[PDB]
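Peer 1: Take a look at this one; I'll ask things after.
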Amino acid sequence: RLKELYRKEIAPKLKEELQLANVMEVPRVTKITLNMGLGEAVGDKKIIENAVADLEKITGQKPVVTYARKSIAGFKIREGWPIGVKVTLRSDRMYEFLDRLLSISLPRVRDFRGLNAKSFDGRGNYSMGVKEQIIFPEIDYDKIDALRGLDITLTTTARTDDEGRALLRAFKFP
Amino acid sequence: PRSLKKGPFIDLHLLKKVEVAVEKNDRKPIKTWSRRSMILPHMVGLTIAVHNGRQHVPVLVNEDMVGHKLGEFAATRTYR
Amino acid sequence: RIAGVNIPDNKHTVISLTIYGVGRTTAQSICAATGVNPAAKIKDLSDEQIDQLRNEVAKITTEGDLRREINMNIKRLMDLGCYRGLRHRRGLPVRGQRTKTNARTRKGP
Amino acid sequence: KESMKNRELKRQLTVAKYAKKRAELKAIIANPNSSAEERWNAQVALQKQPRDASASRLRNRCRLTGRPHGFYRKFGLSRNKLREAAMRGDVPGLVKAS
RNA sequence: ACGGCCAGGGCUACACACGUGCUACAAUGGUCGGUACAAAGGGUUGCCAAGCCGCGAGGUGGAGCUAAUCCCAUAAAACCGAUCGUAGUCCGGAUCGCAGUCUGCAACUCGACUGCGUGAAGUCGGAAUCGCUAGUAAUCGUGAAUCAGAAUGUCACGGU
């Protein structure tokens with residue numbers, strides 16, 4: 001949401017929580033890629049776009065089908081030409097982006113501990129799991145065996161480590 | 001069979017260095033002279049070693065155990 | 001959603017529930033006093049008499065929720081050094097069946 | 001063997017050594033008339049009171065030979081007797097018929 | 001001293017051929033509590049009612065305590081058996097029954113109780129050979145201890 005929860009709550013308090021001077025050193029969240037691991041069995045050229053048929057219905061956006069750099073003869077074979085998929089959703093779709101997992105659908109499958117304690121790599125940590133390509137609204141039981149992956153961390157979009165922890169969260173969900 | 005027709009376990013002679021040893025601190029292993037001998041469901045977290053004749057095994061006991069024998073810490077046939 | 005998984009037709013209504021594993025003699029009174037007729041199919045009658053035959057899916061265990069705890073209790077047996085995971089590390093019968101070799105349908109590949 | 005055929009044969013007077021406490025402690029357990037406080041009183045019975053009071057370790061054999069297999073309910077003797085008893089006439093009524 | 005014995009546990013990495021030797025070939029089609037209906041002996045430390053318990057558990061009960069008695073005492077592959085009329089699947093559950101007042105001083109991550117929500121490999125037997133000339137090639141079950149009842153390829157009668 002970009003509402004009562006966002007506009008009148010996350011904005012004014014965050015200046016003096018950190019004893020900052022002026023307004024817009026509030027961060028913002030912009031981007032993370034799919035990076036669905038296409039490079040296995042990549043010489044197919046028909047079901048890389050199964051991850052177009054995976055990504056379109058549940059996230060509402062057309063992918064870029066991104067070619068890499070190398071002819072990396074050790075990791076794979078470069079004949080399976082495009083190995084990247086990336087989409088940017090909107091600030092006017094940040095409403096349903098905050099409201100699609102960790103609001104309604106945080107159990108991707110399960111976590112036996114969601115402790116936000118065991119990663120102090122000082123880039124704004126959290127602890128939550130979303131990696132299955134099945135856990136998303138508007139999906140049937142089985143019309144595609146669309147088993148893929150989706151890789152979510154986050155880094156800093158600001159100066160230091162402390163800038164993101166109350167900013168990454170909006171509700172009281174671990 | 002082996003249901004809960006036998007609810008509790010009130011065994012007197014398998015006991016007199018177990019129930020008395022609550023007030024005493026846990027610094028020594030309670031050695032056992034059987035492959036059968038069990039103890040209370042309210043003392044949970046003691047150490048009992050599998051008794052057969054040559055050497056002892058690591059025995060790790062947590063809070064969630066209700067069912068059957070001591071035959072899992074060391075096996076029945078331990079793959080020699 | 002309708003019986004969890006998409007369902008092939010041209011077969012029986014009580015056996016549409018009695019779909020591999022918990023049922024008929026417990027649902028002996030369910031399909032007989034709800035009023036839902038066993039004598040015809042899940043579609044060709046009124047499509048309204050399934051609404052309580054669909055609510056049984058998400059009350060106890062589900063096709064998705066049986067996958068939830070299919071790894072928790074098996075994790076309780078593998079790294080605790082025990083014997084239910086000593087013939088799970090090997091792959092034998094565990095509950096004391098025909099023991100060592102030449103067993104029909106318990107070991108597999 | 002000599003220290004085997006005279007140490008488990010003495011179970012006639014040691015398994016039923018007590019023989020009066022062994023029946024006063026093993027019938028009302030099969031009765032549900034015991035109270036909820038009284039799960040323990042009937043369990044001071046027979047074990048540390050020295051534990052030759054159960055009978056899970058006795059076996060039936062022959063007398064003059066001592067063979068446990070071939071023993072039946074109609075004899076105190078075994079399978080290597082029946083061919084050599086009723087022809088010398090040691091068994092009554094064993095007659096061939098059809 | 002294998003004349004001492006309360007014995008301080010370390011005999012199945014699946015990595016195969018197989019002495020192979022009931023069971024089906026998905027269609028007589030996929031899941032029950034019903035039919036003219038088994039039913040006696042050993043039975044003075046035993047066999048253990050109609051069960052009140054039951055969908056299916058017949059521990060307190062107890063008709064039978066020396067059995068032309070009975071406890072497993074209920075039953076037989078029949079009529080036309082249902083919706084729909086010919087399937088490697090709506091016969092399919094191998095580690096995740098947890099857990100339920102019965103031997104009774106000995107069920108702290110493992111047992112009957114099959115309730116069927118699940119996790120499959122059963123498609124004319126061909127390379128060649130177990131082997132069938134008459135009551136035969138051939139698919140209805142055992143009750144009882146030295147006096148305590150899970151003794152399975154050769155089962156008291158296979159009514160063909």
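Chain lettering (A, B, ...) mirrors the order of the structure tokens, residue numbering begins at 1 for each chain separately, and ligand numbering begins at 1 in order of display.
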Can you write out as CSV which residues of chain E fall within 7 Å of chain D, alongside each residue's closest atom pair and its distance in Å to one decimal, counting only C-alpha atoms (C1' of nucleotides) and ordering rows by chain and ascending residue number?

Peer 2:
```
residue,atom,partner,partner_atom,distance
E:60,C1',D:31,CA,5.9
E:104,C1',D:29,CA,7.0
E:105,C1',D:43,CA,4.2
E:145,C1',D:73,CA,5.9
E:146,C1',D:60,CA,5.6
```

Peer 1: For the alpha helix (DSSP H) assignment from backbone DSSP, which residues of range 73-111 of chain A qualify? Please present them as a list in words.

Peer 2: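 Reading the DSSP output for range 73-111 of chain A, alpha helix (DSSP H) covers residues 94, 95, 96, 97 and 98 of chain A.
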
Peer 1: Please find the residues of chain E near chain C - the criterion being any atom within 6 Å, counting only C-alpha atoms (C1' of nucleotides) - and write them as a ChimeraX atom specification.

Peer 2: /E:12,55,83-84,90,94-96,110,116-118

Peer 1: Only C-alpha atoms (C1' of nucleotides), please: the residues just picked out, written as a PDB file, in the first residue's frame.

Peer 2:
```
ATOM      1  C1'   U E  12      21.831 -57.094   6.996  1.00  0.00           C
ATOM      2  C1'   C E  55     -17.886 -49.063  11.390  1.00  0.00           C
ATOM      3  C1'   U E  83     -24.326 -44.642 -11.237  1.00  0.00           C
ATOM      4  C1'   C E  84     -21.550 -45.719 -15.769  1.00  0.00           C
ATOM      5  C1'   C E  90     -11.111 -43.938  -8.870  1.00  0.00           C
ATOM      6  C1'   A E  94       7.143 -49.724   0.973  1.00  0.00           C
ATOM      7  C1'   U E  95      10.601 -44.358   5.738  1.00  0.00           C
ATOM      8  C1'   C E  96       6.500 -39.110   7.893  1.00  0.00           C
ATOM      9  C1'   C E 110       9.506 -49.119  16.338  1.00  0.00           C
ATOM     10  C1'   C E 116      -8.715 -46.297   2.641  1.00  0.00           C
ATOM     11  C1'   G E 117      -7.211 -38.573   2.609  1.00  0.00           C
ATOM     12  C1'   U E 118      -1.956 -41.610  -0.565  1.00  0.00           C
TER      13        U E 118
END
```

Peer 1: Pick out the chain B residues within 7 Å of chain C. Count only C-alpha atoms. Give them as a ChimeraX atom specification.

Peer 2: /B:72-73,75

Peer 1: Residues of chain E no more than 8 Å from chain B, counting only C-alpha atoms (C1' of nucleotides): send them over as an MDAnalysis selection string.

Peer 2: chainID E and resid 7:12 100:102 104:112

Peer 1: Considering only C-alpha atoms, give me a table of residues in chain A that are at most 10 Å from chain C, with the closest atom pair and distance in Å for each, as CSV.

Peer 2:
```
residue,atom,partner,partner_atom,distance
A:107,CA,C:68,CA,9.9
A:109,CA,C:68,CA,6.7
A:110,CA,C:68,CA,6.9
A:112,CA,C:72,CA,8.6
A:140,CA,C:1,CA,9.3
A:141,CA,C:5,CA,6.7
A:142,CA,C:5,CA,8.5
```

Peer 1: Okay, now the selection with N, CA and C atoms, as a compact mmCIF listing (two decimals), in the first residue's frame?

Peer 2:
```txt
# COMPACT_ATOMS: atom_id res chain seq x y z
N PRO A 107 3.95 -18.21 3.74
CA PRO A 107 4.39 -19.60 3.58
C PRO A 107 4.49 -20.02 2.12
N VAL A 109 6.70 -22.52 1.14
CA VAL A 109 6.37 -23.87 1.61
C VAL A 109 6.31 -23.88 3.14
N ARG A 110 7.44 -23.61 3.80
CA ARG A 110 7.56 -23.52 5.26
C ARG A 110 8.95 -22.99 5.59
N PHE A 112 11.28 -23.39 9.27
CA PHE A 112 11.27 -23.88 10.64
C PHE A 112 11.81 -22.84 11.61
N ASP A 140 -3.50 -22.63 -11.38
CA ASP A 140 -4.24 -23.88 -11.31
C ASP A 140 -3.37 -24.91 -10.59
N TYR A 141 -3.91 -26.12 -10.41
CA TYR A 141 -3.12 -27.21 -9.84
C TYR A 141 -1.97 -27.60 -10.77
N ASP A 142 -2.29 -28.14 -11.94
CA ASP A 142 -1.25 -28.51 -12.90
C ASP A 142 -1.82 -28.38 -14.31
```

Peer 1: Calculate how many Å separate CA of residue 17 in chain A from CA of residue 118 in chain A, rounding to one decimal.

Peer 2: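 Between CA of residue 17 in chain A and CA of residue 118 in chain A the gap works out to 23.8 Å.
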
Peer 1: Taking 2 positions as the minimum chain separation for residues in the same chain, which residues sit within 10 Å of residue 36 in chain C when counting only C-alpha atoms (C1' of nucleotides)? Answer as a ChimeraX atom specification.

Peer 2: /C:13-14,30-34,38-40,42,45-46,48-50,52-53

Peer 1: How would the residues just picked look written out with C-alpha atoms as an mmCIF file, in the first residue's frame?

Peer 2:
```cif
data_model
loop_
_atom_site.group_PDB
_atom_site.id
_atom_site.type_symbol
_atom_site.label_atom_id
_atom_site.label_comp_id
_atom_site.auth_asym_id
_atom_site.auth_seq_id
_atom_site.Cartn_x
_atom_site.Cartn_y
_atom_site.Cartn_z
ATOM 1 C CA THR C 13 -19.497 -40.568 -6.683
ATOM 2 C CA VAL C 14 -18.736 -42.197 -3.318
ATOM 3 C CA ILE C 30 -21.700 -38.803 5.352
ATOM 4 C CA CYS C 31 -22.936 -39.630 1.845
ATOM 5 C CA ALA C 32 -26.162 -41.205 3.174
ATOM 6 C CA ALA C 33 -27.626 -38.530 5.493
ATOM 7 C CA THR C 34 -26.452 -35.317 3.791
ATOM 8 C CA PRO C 38 -24.583 -41.638 -4.593
ATOM 9 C CA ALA C 39 -26.708 -42.763 -7.581
ATOM 10 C CA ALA C 40 -25.354 -40.095 -9.963
ATOM 11 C CA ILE C 42 -20.591 -35.016 -9.245
ATOM 12 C CA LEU C 45 -27.017 -33.498 -10.947
ATOM 13 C CA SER C 46 -27.357 -30.088 -9.383
ATOM 14 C CA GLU C 48 -24.776 -27.370 -5.472
ATOM 15 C CA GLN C 49 -24.538 -30.624 -3.455
ATOM 16 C CA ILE C 50 -20.710 -30.596 -3.481
ATOM 17 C CA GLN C 52 -19.825 -29.666 1.978
ATOM 18 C CA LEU C 53 -18.077 -32.444 0.030
#
```

Peer 1: Quick one: residues within 12 Å of residue 41 in chain E, only C-alpha atoms (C1' of nucleotides) counted, chain neighbours fewer than 3 positions away excluded, as a list in words?

Peer 2: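 Non-adjacent residues within range: residues 47, 66, 67, 69, 70, 143 and 144 of chain E.
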
Peer 1: Residues of the last selection are to be written out with N, CA, C and O atoms (P, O5', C5', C4', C3', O3' and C1' of nucleotides), as a PDB file, in the first residue's frame.

Peer 2:
```pdb
ATOM      1  P     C E  47      -5.887 -72.406  27.878  1.00  0.00           P
ATOM      2  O5'   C E  47      -7.245 -72.912  27.213  1.00  0.00           O
ATOM      3  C5'   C E  47      -8.014 -72.047  26.391  1.00  0.00           C
ATOM      4  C4'   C E  47      -9.296 -72.697  25.949  1.00  0.00           C
ATOM      5  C3'   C E  47     -10.300 -71.804  25.234  1.00  0.00           C
ATOM      6  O3'   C E  47      -9.990 -71.495  23.884  1.00  0.00           O
ATOM      7  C1'   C E  47     -11.428 -73.031  26.880  1.00  0.00           C
ATOM      8  P     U E  66     -19.205 -79.945  36.032  1.00  0.00           P
ATOM      9  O5'   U E  66     -18.923 -81.387  35.402  1.00  0.00           O
ATOM     10  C5'   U E  66     -19.505 -81.790  34.161  1.00  0.00           C
ATOM     11  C4'   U E  66     -18.461 -82.219  33.151  1.00  0.00           C
ATOM     12  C3'   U E  66     -17.959 -83.657  33.274  1.00  0.00           C
ATOM     13  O3'   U E  66     -17.594 -84.151  31.983  1.00  0.00           O
ATOM     14  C1'   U E  66     -16.166 -82.150  33.653  1.00  0.00           C
ATOM     15  P     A E  67     -18.395 -85.372  31.303  1.00  0.00           P
ATOM     16  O5'   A E  67     -19.363 -84.652  30.263  1.00  0.00           O
ATOM     17  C5'   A E  67     -18.915 -83.505  29.549  1.00  0.00           C
ATOM     18  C4'   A E  67     -19.994 -82.912  28.677  1.00  0.00           C
ATOM     19  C3'   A E  67     -19.766 -83.071  27.178  1.00  0.00           C
ATOM     20  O3'   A E  67     -21.026 -83.148  26.510  1.00  0.00           O
ATOM     21  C1'   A E  67     -19.758 -80.770  27.738  1.00  0.00           C
ATOM     22  P     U E  69     -23.607 -82.483  21.421  1.00  0.00           P
ATOM     23  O5'   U E  69     -23.334 -82.052  22.932  1.00  0.00           O
ATOM     24  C5'   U E  69     -22.745 -80.791  23.240  1.00  0.00           C
ATOM     25  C4'   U E  69     -23.794 -79.759  23.586  1.00  0.00           C
ATOM     26  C3'   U E  69     -23.310 -78.308  23.607  1.00  0.00           C
ATOM     27  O3'   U E  69     -24.330 -77.445  23.098  1.00  0.00           O
ATOM     28  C1'   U E  69     -24.232 -78.874  25.709  1.00  0.00           C
ATOM     29  P     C E  70     -24.307 -76.950  21.564  1.00  0.00           P
ATOM     30  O5'   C E  70     -23.014 -76.022  21.452  1.00  0.00           O
ATOM     31  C5'   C E  70     -23.108 -74.607  21.587  1.00  0.00           C
ATOM     32  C4'   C E  70     -22.415 -74.132  22.839  1.00  0.00           C
ATOM     33  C3'   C E  70     -21.159 -73.292  22.643  1.00  0.00           C
ATOM     34  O3'   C E  70     -21.450 -71.917  22.446  1.00  0.00           O
ATOM     35  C1'   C E  70     -20.748 -75.000  24.242  1.00  0.00           C
ATOM     36  P     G E 143      -8.526 -73.138  15.273  1.00  0.00           P
ATOM     37  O5'   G E 143      -8.947 -73.676  16.710  1.00  0.00           O
ATOM     38  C5'   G E 143     -10.300 -73.632  17.141  1.00  0.00           C
ATOM     39  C4'   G E 143     -10.640 -74.828  17.990  1.00  0.00           C
ATOM     40  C3'   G E 143      -9.646 -75.142  19.099  1.00  0.00           C
ATOM     41  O3'   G E 143      -9.880 -74.385  20.272  1.00  0.00           O
ATOM     42  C1'   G E 143     -10.165 -77.122  17.890  1.00  0.00           C
ATOM     43  P     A E 144      -8.645 -73.901  21.175  1.00  0.00           P
ATOM     44  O5'   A E 144      -8.883 -74.626  22.574  1.00  0.00           O
ATOM     45  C5'   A E 144      -7.787 -74.985  23.402  1.00  0.00           C
ATOM     46  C4'   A E 144      -7.691 -76.480  23.579  1.00  0.00           C
ATOM     47  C3'   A E 144      -6.338 -77.005  24.031  1.00  0.00           C
ATOM     48  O3'   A E 144      -6.197 -76.945  25.440  1.00  0.00           O
ATOM     49  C1'   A E 144      -7.205 -78.337  22.240  1.00  0.00           C
TER      50        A E 144
END
```
